[PDB]
Amino acid sequence: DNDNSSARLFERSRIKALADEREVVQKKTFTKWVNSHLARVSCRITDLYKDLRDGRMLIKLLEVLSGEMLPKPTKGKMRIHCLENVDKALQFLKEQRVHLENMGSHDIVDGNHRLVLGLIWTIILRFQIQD
Amino acid sequence: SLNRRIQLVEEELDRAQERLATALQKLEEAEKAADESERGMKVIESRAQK
Amino acid sequence: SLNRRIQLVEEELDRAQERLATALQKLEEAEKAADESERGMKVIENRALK
Amino acid sequence: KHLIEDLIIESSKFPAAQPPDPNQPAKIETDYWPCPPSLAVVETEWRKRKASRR
Amino acid sequence: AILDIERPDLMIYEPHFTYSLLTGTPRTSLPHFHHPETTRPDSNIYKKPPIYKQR
Amino acid sequence: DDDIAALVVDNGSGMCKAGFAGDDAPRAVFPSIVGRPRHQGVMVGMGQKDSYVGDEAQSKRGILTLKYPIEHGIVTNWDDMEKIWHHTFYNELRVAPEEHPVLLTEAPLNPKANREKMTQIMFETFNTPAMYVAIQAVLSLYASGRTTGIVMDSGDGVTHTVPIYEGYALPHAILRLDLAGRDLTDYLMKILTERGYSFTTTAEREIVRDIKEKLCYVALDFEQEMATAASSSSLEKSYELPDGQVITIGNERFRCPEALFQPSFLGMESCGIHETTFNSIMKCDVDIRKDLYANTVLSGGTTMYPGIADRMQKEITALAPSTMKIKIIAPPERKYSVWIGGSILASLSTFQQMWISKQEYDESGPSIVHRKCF
Amino acid sequence: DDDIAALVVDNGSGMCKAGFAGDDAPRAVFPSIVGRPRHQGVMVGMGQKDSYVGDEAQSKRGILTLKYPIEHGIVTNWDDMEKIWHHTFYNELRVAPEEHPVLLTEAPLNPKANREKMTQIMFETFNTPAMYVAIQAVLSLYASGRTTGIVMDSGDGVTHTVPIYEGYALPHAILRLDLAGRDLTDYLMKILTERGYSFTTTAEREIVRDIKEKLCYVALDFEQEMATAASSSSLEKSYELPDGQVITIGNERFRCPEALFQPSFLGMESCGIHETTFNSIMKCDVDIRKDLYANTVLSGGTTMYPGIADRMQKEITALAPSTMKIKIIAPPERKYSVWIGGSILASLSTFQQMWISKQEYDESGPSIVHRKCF
Amino acid sequence: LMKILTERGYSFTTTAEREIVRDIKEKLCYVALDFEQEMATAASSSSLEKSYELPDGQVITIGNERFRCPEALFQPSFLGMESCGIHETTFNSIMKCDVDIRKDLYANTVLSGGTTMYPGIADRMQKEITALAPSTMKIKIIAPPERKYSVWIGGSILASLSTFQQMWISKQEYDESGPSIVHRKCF
Ligand SMILES: Nc1ncnc2c1ncn2[C@@H]1O[C@H](COP(=O)(O)OP(=O)(O)O)[C@@H](O)[C@H]1O
Ligand SMILES: Nc1ncnc2c1ncn2[C@@H]1O[C@H](COP(=O)(O)OP(=O)(O)O)[C@@H](O)[C@H]1O
């Protein structure tokens with residue numbers, strides 16, 4: 001009742017406000033970081049959530065950072081082709097002993113905010129960059 | 001005929017998306033105001049019970 | 001090809017109308033809740049001041 | 001880990017992803033904290049409110 | 001008729017032709033067909049050539 | 001300033017919460033469920049994912065077997081708990097675990113090995129600088145803002161009451177009862193069959209848990225409530241399943257939470273929660289009972305049912321001598337209160353001498369947690 | 001004559017059995033099927049028959065659409081229930097139903113409206129002076145002759161277990177798995193499609209059921225039997241269809257009842273029957289598990305597959321601690337055990353008080369059964 | 001359709017005439033939205049009749065038999081079969097699934113195959129499924145205009161994927177493990 005209404009107020013205000021504030025600032029920081037590496041292949045992204053759905057930006061970012069060419073993307077504009085390209089990128093990430101969890105192809109394709117942010121965070125933190 | 005109809009339907013898609021975004025902004029502002037008002041109510045409740 | 005283009009645009013437009021329709025009723029509901037907290041103000045204040 | 005990413009890691013350590021402005025009070029100091037304060041603080045607040053009401 | 005018989009456990013309605021023939025079982029699951037194999041952890045299946053091409 | 005906020009992680013039976021020290025509220029809250037697929041995958045080309053963690057498991061629960069790594073306050077599947085902690089650190093907070101200290105909670109009475117394992121995994125696999133293990137009822141008393149009182153905390157897996165007078169806890173009066181929300185959910189399944197509704201699998205367990213959260217309350221008087229429910233159909237509510245079917249809960253709204261007060265319904269011999277609190281109070285000394293009566297603190301999500309404070313107050317008032325005050329203090333944000341206590345515990349200036357360093361761990365093994373933690 | 005013999009009627013999903021109190025065997029046993037003609041009559045003046053009940057429907061299978069009034073132990077259609085009950089009383093028994101008491105059996109966990117409807121039908125329509133309703137797996141202990149043991153009753157509708165220690169039954173340890181023989185019939189129909197034999201109509205499900213009853217057995221070791229079946233063709237049998245065609249059952253004989261022990265074949269995530277028995281054991285107290293291990297009792301027709309007792313003994317021996325001995329008691333007349341013990345219930349002198357009188361029903365409605373029975 | 005065209009006096013018996021009857025069915029059959037109303041309309045007036053030309057110049061009139069043949073898809077008692085209709089089969093296949101995944105399955109029904117090319121099949125299927133389903137759920141029938149070749153088209157998709165090169169049953173595998181290998185690889 002009223003106590004439940006107060007609990008709903010507390011959670012909806014504080015938890016959601018703090019989570020969204022931190023997530024917005026980290027999204028801006030991650031976008032600014034990834035654009036610098038993506039500029040060398042003359043590719044630029046505007047929104048981090050939507051432009052990683054297709055999967056070509058992710059495979060080109062891994063192309064920049066690794067220095068080794070990846071298998072070519074599948075020629076398609078469907079859902080299953082996006083799943084193929086994201087699976088290729090995640091297989092390459094598994095190949096370099098980087099540990100990822102709760103991260104399937106459909107999570108990146110459907111555009112989950114937390115999992116995309118976690119993938120970018122793991123790329124920033126654990127991955128080895130050579131020049 | 002089909003090439004004529006394409007631009008027409010795209011125009012209402014454009015307008016609908018625009019005021020959908022406007023309505024979303026208005027709704028989230030109203031939600032924030034309502035939460036702030038309700039915690040303002042709890043404060044005076046604590047006044048009276050103490 | 002043009003037929004399928006028309007189909008996709010029509011489906012997106014319908015989704016836009018549905019989202020706007022939900023947004024309007026959520027706006028009305030938030031406004032009414034704010035008004036209800038606003039009436040609760042003066043009765044709680046009167047009890048506190050007495 | 002090179003040099004640019006270390007700044008990102010250092011920025012992520014704060015509660016918000018940006019370092020706070022020093023003039024603002026902490027969230028323990030603001031009224032947003034819902035835990036009750038000490039009794040005599042409420043007593044002095046009531047005394048100040050009564051003095052302001054006069 | 002029950003009140004005469006001592007044991008209904010040892011009771012015959014018919015010969016029944018019983019006994020004519022001649023660590024527990026772990027839980028099992030149905031197989032999957034959406035990915036080829038998992039024999040090599042952290043293996044890239046996109047590097048590998050197709051199976052029929054290898055001769 | 002070189003002062004870094006230490007992560008506060010509340011790991012309960014049902015949900016996991018996490019945030020930064022000195023904050024008002026946790027940043028991340030998500031169920032502690034690990035799921036795995038149970039059918040054939042025929043659409044070749046899609047990505048393969050072995051395990052689903054958290055809300056991702058809850059959204060796709062229709063094709064998974066949901067397993068809880070923590071049951072009755074004791075963690076059994078350690079790899080699932082590792083996955084939960086790792087997803088908390090890397091996807092929900094996005095922080096480096098080797099930079100910040102961490103703070104963990106547990107039930108008062110539990111197997112001694114868990115703490116040691118909870119140390120050994122945290123220093124080795126995550127390489128945190130320091131950690132500390134606290135007890136949830138003490139943190140609830142911190143969040144209440146009072147030095148003295150009796151704390152009763154019931155989560156999804158365990159219930160426990162501790163008395164604390166002026167900061168000195170009495171360990172011989174700490175009571176632990178293995179009655180919580182999971183058994184209430186199971187009893188709700190067992191009594192929902194009377195109306196003809198069948199719920200068997202784990203997805204149905206989540207659905208029944210949602211039904212219990214939305215449409216349950218504690219009756220002030222059990223017999224009069226049963227007589228009123230038998231007299232007319234005024235006490236009836238309707239719920240909609242995710243299929244679209246409509247069920248009518250009817251009489252079973254208050255019979256499920258009544259098992260918290262009469263555990264004979266579940267076949268348990270032990271007494272109710274009110275008698276547990278009363279026996280914990282009478283196990284203390286004579287001079288501190290009056291202050292413990294006036295400062296009863298409720299905690300945990302299981303104490304969130306409507307009408308719980310009035311029933312608790314009436315029962316304890318019936319048990320106690322008719323001279324002293326019986327005041328039940330239940331904050332509205334009680335479900336998160338334990339976590340809030342952690343945020344106050346890691347922000348104190350004297351607590352920085354209480355961390356278990358990596359150097360001490362290397363010197364004395366995982367058994368240092370018994371010496372350095374209550 | 002004074003006291004008159006009270007008739008007992010065992011109703012299940014598969015067959016209906018009926019007989020007097022003192023008899024060692026039921027008067028009459030017949031399937032619980034109602035048939036109706038699908039085609040249209042063409043000759044003038046055979047005679048009218050709107051419905052076919054019992055063995056007449058089984059004789060004319062290929063002209064009717066067979067229907068079962070009981071689904072998973074619940075009476076779905078009631079007008080059919082008066083049809084079978086009238087055929088039982090006035091045709092198979094040739095007795096007046098208004099001059100005898102009636103004993104009936106039902107599943108442990110079922111909707112209460114079922115019990116209320118049977119009570120109302122037995123009192124308002126058939127004018128029975130008294131009636132009683134009992135749990136089947138309780139009556140299996142009366143048939144066995146011991147007052148301490150655990151019963152697993154597997155019929156065509158449900159599979160339920162109940163432990164009783166020295167005449168006291170523990171209600172919180174009762175489990176009701178929904179796996180039964182009709183699901184095995186459907187699985188046999190699905191796996192005979194592999195060899196090319198197609199069985200679709202309702203009149204052909206009886207043929208599939210007869211094939212199941214005749215040429216099926218439970219393998220002691222499943223994977224070794226798979227290897228033997230893949231090696232040679234020694235374990236192959238031939239069945240004779242009613243129209244003269246010959247089918248070769250082959251491998252499938254031990255693949256139908258194996259779904260009892262591994263329900264993942266049928267898509268259910270529930271545990272098998274052996275794990276259900278073990279879980280019902282461990283839900284009881286510490287001191288009575290030793291007696292319950294030595295008195296496991298099988299019941300119901302579904303447990304008439306050859307070799308099921310040895311498989312259950314091996315599985316429970318694997319699950320249980322090694323220091324105890326486990327004996328599975330499977331009488332050769334388990335199919336009528338639910339009947340037989342029920343007959344013993346009608347011969348006791350102290351049972352005359354437990355009957356629900358007509359006056360009690362008249363003064364208390366049909367809800368009196370919730371107080372008088374169980 | 002042959003057995004019901006016997007009712008008007010037209011005779012078709014040989015295997016060559018079955019192709020003629022199949023052509024007539026493809027050209028002149030449609031699924032009525034309401035069956036009893038359509039029977040009343042066809043009995044009241046002759047506006048529903050159509051004329052077909054035989055390969056030898058004869059002219060026949062179908063009339064009431066245009067929509068009675070596809071109606072047999074929804075009422076199998078016309079053929080003597082006791083099975084249920086296609087809408088009942090779809091609803092039963094939905095109902096056998098778990099509770100959670102039903103809501104997505106109600107809005108994503110897909111038709112395929114040539115037999116589903118009768119004009120008006122989609123509206124009738126949606127109406128019947130909506131009648132069976134609960135009211136709060138919404139039913140969407142997806143009928144692409146080129147559905148006759150969908151079983152081919154997806155196959156042409158499937159062989160073009162990157163990971164499907166890891167799916168093939170090679171010649172060496174068949175030589176090693178005989179013809180029974182197809183159960184291990186193919187679903
Ligand atoms: N608003 C509510 N009303 C009733 N019961 C609730 C409510 N919220 C949570 N619960 C119950 O509390 C349980 C969660 O307990 P929780 O406080 O998360 O324990 P822990 O934090 O130790 O995991 C859930 O299983 C649910 O049954
Ligand atoms: N000789 C047999 N061997 C194996 N299974 C059998 C045999 N006889 C019957 N059954 C199975 O048992 C079922 C009948 O069980 P029954 O005890 O009559 O159930 P109920 O009495 O509860 O209706 C049938 O459906 C059949 O599948």
# chains A, B, ... in the order shown; residues from 1 in each chain; ligands from 1

$ residues_near_ligand --ligand "ligand 2" --cutoff "10 Å" --atoms "only C-alpha atoms and all ligand atoms" --output "PDB file with C-alpha atoms, in the first residue's frame"
ATOM      1  CA  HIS E  16       0.495 -63.709 -14.993  1.00  0.00           C
TER       2      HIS E  16
ATOM      3  CA  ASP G  10     -12.240 -47.560  -7.909  1.00  0.00           C
ATOM      4  CA  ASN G  11     -12.231 -44.914 -10.648  1.00  0.00           C
ATOM      5  CA  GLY G  12      -9.022 -44.081 -12.467  1.00  0.00           C
ATOM      6  CA  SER G  13      -8.059 -42.606 -15.790  1.00  0.00           C
ATOM      7  CA  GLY G  14      -7.569 -46.008 -17.421  1.00  0.00           C
ATOM      8  CA  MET G  15     -10.073 -48.512 -16.023  1.00  0.00           C
ATOM      9  CA  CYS G  16     -13.015 -48.560 -13.629  1.00  0.00           C
ATOM     10  CA  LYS G  17     -13.292 -51.445 -11.170  1.00  0.00           C
ATOM     11  CA  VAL G  29     -13.487 -54.359 -14.475  1.00  0.00           C
ATOM     12  CA  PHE G  30     -13.971 -52.304 -17.634  1.00  0.00           C
ATOM     13  CA  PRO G  31     -12.357 -49.340 -19.435  1.00  0.00           C
ATOM     14  CA  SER G  32     -13.633 -45.831 -18.720  1.00  0.00           C
ATOM     15  CA  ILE G  70     -10.993 -38.324 -16.753  1.00  0.00           C
ATOM     16  CA  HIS G  72      -4.912 -36.459 -15.320  1.00  0.00           C
ATOM     17  CA  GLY G  73      -7.132 -37.657 -12.483  1.00  0.00           C
ATOM     18  CA  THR G 105     -10.997 -43.287  -4.401  1.00  0.00           C
ATOM     19  CA  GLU G 106      -9.153 -40.227  -5.678  1.00  0.00           C
ATOM     20  CA  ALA G 107      -5.721 -38.678  -6.145  1.00  0.00           C
ATOM     21  CA  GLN G 136      -5.578 -44.496  -3.339  1.00  0.00           C
ATOM     22  CA  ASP G 153       1.153 -45.241  -6.993  1.00  0.00           C
ATOM     23  CA  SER G 154       1.428 -44.854 -10.771  1.00  0.00           C
ATOM     24  CA  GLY G 155      -1.833 -45.038 -12.694  1.00  0.00           C
ATOM     25  CA  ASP G 156      -2.962 -43.904 -16.107  1.00  0.00           C
ATOM     26  CA  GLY G 157      -3.557 -40.399 -14.761  1.00  0.00           C
ATOM     27  CA  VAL G 158      -0.907 -39.416 -12.205  1.00  0.00           C
ATOM     28  CA  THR G 159       2.065 -40.737 -10.256  1.00  0.00           C
ATOM     29  CA  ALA G 180       1.694 -41.458 -16.293  1.00  0.00           C
ATOM     30  CA  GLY G 181       0.877 -44.163 -18.830  1.00  0.00           C
ATOM     31  CA  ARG G 182      -1.072 -42.088 -21.350  1.00  0.00           C
ATOM     32  CA  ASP G 183       1.994 -39.912 -21.920  1.00  0.00           C
ATOM     33  CA  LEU G 184       3.961 -43.108 -22.539  1.00  0.00           C
ATOM     34  CA  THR G 185       1.291 -44.150 -25.053  1.00  0.00           C
ATOM     35  CA  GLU G 206      -6.129 -48.664 -28.147  1.00  0.00           C
ATOM     36  CA  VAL G 208      -0.973 -48.730 -29.545  1.00  0.00           C
ATOM     37  CA  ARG G 209      -1.839 -49.277 -25.872  1.00  0.00           C
ATOM     38  CA  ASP G 210      -2.111 -53.037 -26.401  1.00  0.00           C
ATOM     39  CA  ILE G 211       1.275 -53.043 -28.159  1.00  0.00           C
ATOM     40  CA  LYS G 212       2.670 -51.153 -25.159  1.00  0.00           C
ATOM     41  CA  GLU G 213       1.212 -53.656 -22.699  1.00  0.00           C
ATOM     42  CA  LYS G 214       2.466 -56.687 -24.611  1.00  0.00           C
ATOM     43  CA  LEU G 215       5.992 -55.975 -25.914  1.00  0.00           C
ATOM     44  CA  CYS G 216       7.592 -53.474 -23.531  1.00  0.00           C
ATOM     45  CA  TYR G 217      10.080 -53.855 -20.700  1.00  0.00           C
ATOM     46  CA  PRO G 257       9.051 -46.856 -20.377  1.00  0.00           C
ATOM     47  CA  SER G 299       1.253 -49.869  -6.881  1.00  0.00           C
ATOM     48  CA  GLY G 300      -0.755 -49.136  -9.993  1.00  0.00           C
ATOM     49  CA  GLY G 301      -0.841 -50.738 -13.411  1.00  0.00           C
ATOM     50  CA  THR G 302       1.896 -48.525 -14.874  1.00  0.00           C
ATOM     51  CA  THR G 303       4.434 -50.333 -12.651  1.00  0.00           C
ATOM     52  CA  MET G 304       3.695 -53.671 -14.362  1.00  0.00           C
ATOM     53  CA  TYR G 305       6.543 -53.333 -16.852  1.00  0.00           C
ATOM     54  CA  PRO G 306       9.008 -56.223 -16.438  1.00  0.00           C
ATOM     55  CA  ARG G 334      -0.631 -54.474  -7.625  1.00  0.00           C
ATOM     56  CA  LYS G 335      -3.067 -53.565 -10.426  1.00  0.00           C
ATOM     57  CA  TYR G 336      -5.981 -54.236  -8.067  1.00  0.00           C
ATOM     58  CA  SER G 337      -4.182 -53.221  -4.855  1.00  0.00           C
ATOM     59  CA  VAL G 338      -6.022 -49.881  -4.807  1.00  0.00           C
ATOM     60  CA  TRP G 339      -9.223 -51.902  -4.930  1.00  0.00           C
TER      61      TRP G 339
END

$ interface_residues --of "chain H" --to "chain A" --cutoff "9 Å" --atoms "only C-alpha atoms" --output "PyMOL selection string"
chain H and resi 160-163

$ write_last_selection --atoms "N, CA and C atoms" --output "mmCIF file, in the first residue's frame"
data_model
loop_
_atom_site.group_PDB
_atom_site.id
_atom_site.type_symbol
_atom_site.label_atom_id
_atom_site.label_comp_id
_atom_site.auth_asym_id
_atom_site.auth_seq_id
_atom_site.Cartn_x
_atom_site.Cartn_y
_atom_site.Cartn_z
ATOM 1 N N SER H 160 24.667 -19.967 -47.826
ATOM 2 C CA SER H 160 25.551 -18.825 -48.012
ATOM 3 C C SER H 160 26.178 -18.335 -46.716
ATOM 4 N N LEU H 161 25.808 -18.908 -45.575
ATOM 5 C CA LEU H 161 26.349 -18.455 -44.304
ATOM 6 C C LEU H 161 27.786 -18.930 -44.128
ATOM 7 N N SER H 162 28.514 -18.223 -43.263
ATOM 8 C CA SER H 162 29.905 -18.570 -43.004
ATOM 9 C C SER H 162 30.024 -19.842 -42.177
ATOM 10 N N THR H 163 29.201 -19.984 -41.135
ATOM 11 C CA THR H 163 29.338 -21.136 -40.256
ATOM 12 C C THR H 163 28.751 -22.402 -40.859
#

$ atom_distance --atom1 "atom CA of residue G:293" --atom2 "atom CA of residue G:165"
11.6 Å

$ interface_residues --of "chain A" --to "chain D" --cutoff "8 Å" --atoms "only C-alpha atoms" --output "PyMOL selection string"
chain A and resi 21-22+25-26+29+124-125+128-129

$ atom_distance --atom1 "atom CA of residue G:151" --atom2 "atom CA of residue F:266"
21.3 Å

$ atom_distance --atom1 "atom CA of residue G:374" --atom2 "atom CA of residue G:134"
7.1 Å

$ closest_residue --among "A:78, A:7, A:119, A:57" --to "ligand 1" --atoms "only C-alpha atoms and all ligand atoms"
A:7

$ residues_around --residues "residue F:191" --least-positions-apart "6" --cutoff "9 Å" --atoms "only C-alpha atoms" --output "list in words"
residues 252, 255 and 256 of chain F

$ write_last_selection --atoms "N, CA and C atoms" --output "PDB file, in the first residue's frame"
ATOM      1  N   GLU F 252      -6.642 -17.502  -0.792  1.00  0.00           N
ATOM      2  CA  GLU F 252      -5.229 -17.802  -0.586  1.00  0.00           C
ATOM      3  C   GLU F 252      -4.354 -16.569  -0.454  1.00  0.00           C
ATOM      4  N   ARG F 255      -3.318 -16.754   3.532  1.00  0.00           N
ATOM      5  CA  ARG F 255      -2.887 -18.032   4.083  1.00  0.00           C
ATOM      6  C   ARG F 255      -1.397 -18.254   3.871  1.00  0.00           C
ATOM      7  N   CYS F 256      -0.849 -17.768   2.755  1.00  0.00           N
ATOM      8  CA  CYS F 256       0.589 -17.899   2.530  1.00  0.00           C
ATOM      9  C   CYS F 256       1.431 -17.114   3.533  1.00  0.00           C
TER      10      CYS F 256
END

$ interface_residues --of "chain F" --to "chain G" --cutoff "6 Å" --atoms "only C-alpha atoms" --output "ChimeraX atom specification"
/F:194-196

$ write_last_selection --atoms "N, CA and C atoms" --output "compact mmCIF listing (two decimals), in the first residue's frame"
# COMPACT_ATOMS: atom_id res chain seq x y z
N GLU F 194 -5.44 -26.14 -5.03
CA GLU F 194 -6.82 -26.34 -4.59
C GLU F 194 -7.81 -25.69 -5.54
N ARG F 195 -7.47 -24.52 -6.07
CA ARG F 195 -8.35 -23.85 -7.02
C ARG F 195 -8.27 -24.43 -8.42
N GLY F 196 -7.33 -25.33 -8.68
CA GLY F 196 -7.21 -25.96 -9.98
C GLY F 196 -6.09 -25.44 -10.86

$ closest_atom_pairs --of "chain H" --to "chain E" --cutoff "10 Å" --atoms "only C-alpha atoms" --output "CSV"
residue,atom,partner,partner_atom,distance
H:162,CA,E:46,CA,7.1
H:163,CA,E:46,CA,6.9
H:164,CA,E:50,CA,8.8
H:165,CA,E:50,CA,5.1
H:166,CA,E:50,CA,5.8
H:167,CA,E:36,CA,6.5
H:168,CA,E:51,CA,7.0
H:169,CA,E:52,CA,7.8
H:170,CA,E:52,CA,4.9
H:171,CA,E:52,CA,6.8
H:172,CA,E:52,CA,7.9
H:173,CA,E:52,CA,9.3
H:184,CA,E:31,CA,9.1
H:185,CA,E:33,CA,7.3
H:186,CA,E:33,CA,7.5
H:187,CA,E:33,CA,6.5

$ write_last_selection --atoms "N, CA and C atoms" --output "PDB file, in the first residue's frame"
ATOM      1  N   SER H 162      28.514 -18.223 -43.263  1.00  0.00           N
ATOM      2  CA  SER H 162      29.905 -18.570 -43.004  1.00  0.00           C
ATOM      3  C   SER H 162      30.024 -19.842 -42.177  1.00  0.00           C
ATOM      4  N   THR H 163      29.201 -19.984 -41.135  1.00  0.00           N
ATOM      5  CA  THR H 163      29.338 -21.136 -40.256  1.00  0.00           C
ATOM      6  C   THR H 163      28.751 -22.402 -40.859  1.00  0.00           C
ATOM      7  N   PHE H 164      27.917 -22.289 -41.896  1.00  0.00           N
ATOM      8  CA  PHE H 164      27.373 -23.488 -42.518  1.00  0.00           C
ATOM      9  C   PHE H 164      28.426 -24.289 -43.263  1.00  0.00           C
ATOM     10  N   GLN H 165      29.585 -23.696 -43.555  1.00  0.00           N
ATOM     11  CA  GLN H 165      30.699 -24.467 -44.080  1.00  0.00           C
ATOM     12  C   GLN H 165      31.263 -25.438 -43.053  1.00  0.00           C
ATOM     13  N   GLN H 166      30.870 -25.313 -41.788  1.00  0.00           N
ATOM     14  CA  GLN H 166      31.258 -26.251 -40.753  1.00  0.00           C
ATOM     15  C   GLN H 166      30.189 -27.312 -40.512  1.00  0.00           C
ATOM     16  N   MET H 167      29.098 -27.285 -41.279  1.00  0.00           N
ATOM     17  CA  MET H 167      27.962 -28.173 -41.071  1.00  0.00           C
ATOM     18  C   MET H 167      27.921 -29.356 -42.027  1.00  0.00           C
ATOM     19  N   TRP H 168      28.673 -29.314 -43.123  1.00  0.00           N
ATOM     20  CA  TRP H 168      28.488 -30.274 -44.202  1.00  0.00           C
ATOM     21  C   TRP H 168      28.888 -31.680 -43.780  1.00  0.00           C
ATOM     22  N   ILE H 169      28.132 -32.664 -44.258  1.00  0.00           N
ATOM     23  CA  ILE H 169      28.514 -34.063 -44.118  1.00  0.00           C
ATOM     24  C   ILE H 169      29.491 -34.374 -45.242  1.00  0.00           C
ATOM     25  N   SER H 170      30.768 -34.505 -44.903  1.00  0.00           N
ATOM     26  CA  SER H 170      31.782 -34.693 -45.922  1.00  0.00           C
ATOM     27  C   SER H 170      31.734 -36.113 -46.475  1.00  0.00           C
ATOM     28  N   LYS H 171      32.409 -36.304 -47.607  1.00  0.00           N
ATOM     29  CA  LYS H 171      32.524 -37.634 -48.194  1.00  0.00           C
ATOM     30  C   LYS H 171      33.307 -38.568 -47.281  1.00  0.00           C
ATOM     31  N   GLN H 172      34.366 -38.051 -46.654  1.00  0.00           N
ATOM     32  CA  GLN H 172      35.201 -38.869 -45.780  1.00  0.00           C
ATOM     33  C   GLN H 172      34.433 -39.347 -44.555  1.00  0.00           C
ATOM     34  N   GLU H 173      33.581 -38.490 -43.989  1.00  0.00           N
ATOM     35  CA  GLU H 173      32.795 -38.887 -42.824  1.00  0.00           C
ATOM     36  C   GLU H 173      31.811 -39.998 -43.169  1.00  0.00           C
ATOM     37  N   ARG H 184      23.479 -37.920 -36.898  1.00  0.00           N
ATOM     38  CA  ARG H 184      24.338 -37.186 -35.979  1.00  0.00           C
ATOM     39  C   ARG H 184      24.506 -35.731 -36.388  1.00  0.00           C
ATOM     40  N   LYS H 185      24.499 -35.441 -37.687  1.00  0.00           N
ATOM     41  CA  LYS H 185      24.748 -34.083 -38.151  1.00  0.00           C
ATOM     42  C   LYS H 185      23.459 -33.305 -38.395  1.00  0.00           C
ATOM     43  N   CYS H 186      22.558 -33.844 -39.207  1.00  0.00           N
ATOM     44  CA  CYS H 186      21.333 -33.144 -39.560  1.00  0.00           C
ATOM     45  C   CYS H 186      20.332 -33.214 -38.417  1.00  0.00           C
ATOM     46  N   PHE H 187      19.601 -32.121 -38.220  1.00  0.00           N
ATOM     47  CA  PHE H 187      18.562 -32.067 -37.199  1.00  0.00           C
ATOM     48  C   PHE H 187      17.405 -32.977 -37.585  1.00  0.00           C
TER      49      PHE H 187
END

$ interface_residues --of "chain E" --to "chain G" --cutoff "9 Å" --atoms "only C-alpha atoms" --output "number ranges by chain"
E: 1-3, 5, 7-13, 16, 18-21, 23-25, 27-30

$ write_last_selection --atoms "C-alpha atoms" --output "tab-separated table (two decimals), in the first residue's frame"
chain	number	residue	atom	x	y	z
E	1	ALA	CA	-13.01	-63.58	1.27
E	2	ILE	CA	-10.39	-61.19	2.70
E	3	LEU	CA	-11.37	-62.29	6.19
E	5	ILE	CA	-6.83	-64.96	3.77
E	7	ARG	CA	-1.74	-62.33	3.44
E	8	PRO	CA	-3.11	-60.45	0.40
E	9	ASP	CA	0.51	-59.80	-0.57
E	10	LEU	CA	0.94	-63.45	-1.60
E	11	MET	CA	-2.15	-63.65	-3.77
E	12	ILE	CA	-2.75	-64.91	-7.30
E	13	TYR	CA	-5.55	-64.00	-9.71
E	16	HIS	CA	0.49	-63.71	-14.99
E	18	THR	CA	5.91	-63.24	-14.73
E	19	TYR	CA	9.65	-63.20	-15.25
E	20	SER	CA	9.56	-64.17	-18.93
E	21	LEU	CA	12.50	-61.98	-19.96
E	23	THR	CA	25.78	-46.01	-9.69
E	24	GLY	CA	22.67	-44.51	-11.26
E	25	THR	CA	21.93	-43.14	-14.70
E	27	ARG	CA	20.83	-36.86	-16.38
E	28	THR	CA	21.02	-36.34	-20.14
E	29	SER	CA	20.01	-33.55	-22.52
E	30	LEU	CA	19.08	-33.30	-26.18

$ interface_residues --of "chain H" --to "chain G" --cutoff "9 Å" --atoms "only C-alpha atoms" --output "list in words"
residues 80, 81, 82 and 83 of chain H

$ write_last_selection --atoms "N, CA and C atoms" --output "compact mmCIF listing (two decimals), in the first residue's frame"
# COMPACT_ATOMS: atom_id res chain seq x y z
N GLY H 80 -13.89 -37.53 -44.19
CA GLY H 80 -14.00 -38.67 -43.32
C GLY H 80 -12.92 -38.75 -42.26
N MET H 81 -11.93 -37.87 -42.32
CA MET H 81 -10.90 -37.80 -41.29
C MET H 81 -11.49 -37.22 -40.01
N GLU H 82 -11.08 -37.75 -38.87
CA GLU H 82 -11.53 -37.22 -37.59
C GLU H 82 -10.54 -36.24 -36.99
N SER H 83 -9.49 -35.88 -37.72
CA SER H 83 -8.51 -34.93 -37.22
C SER H 83 -9.11 -33.53 -37.16
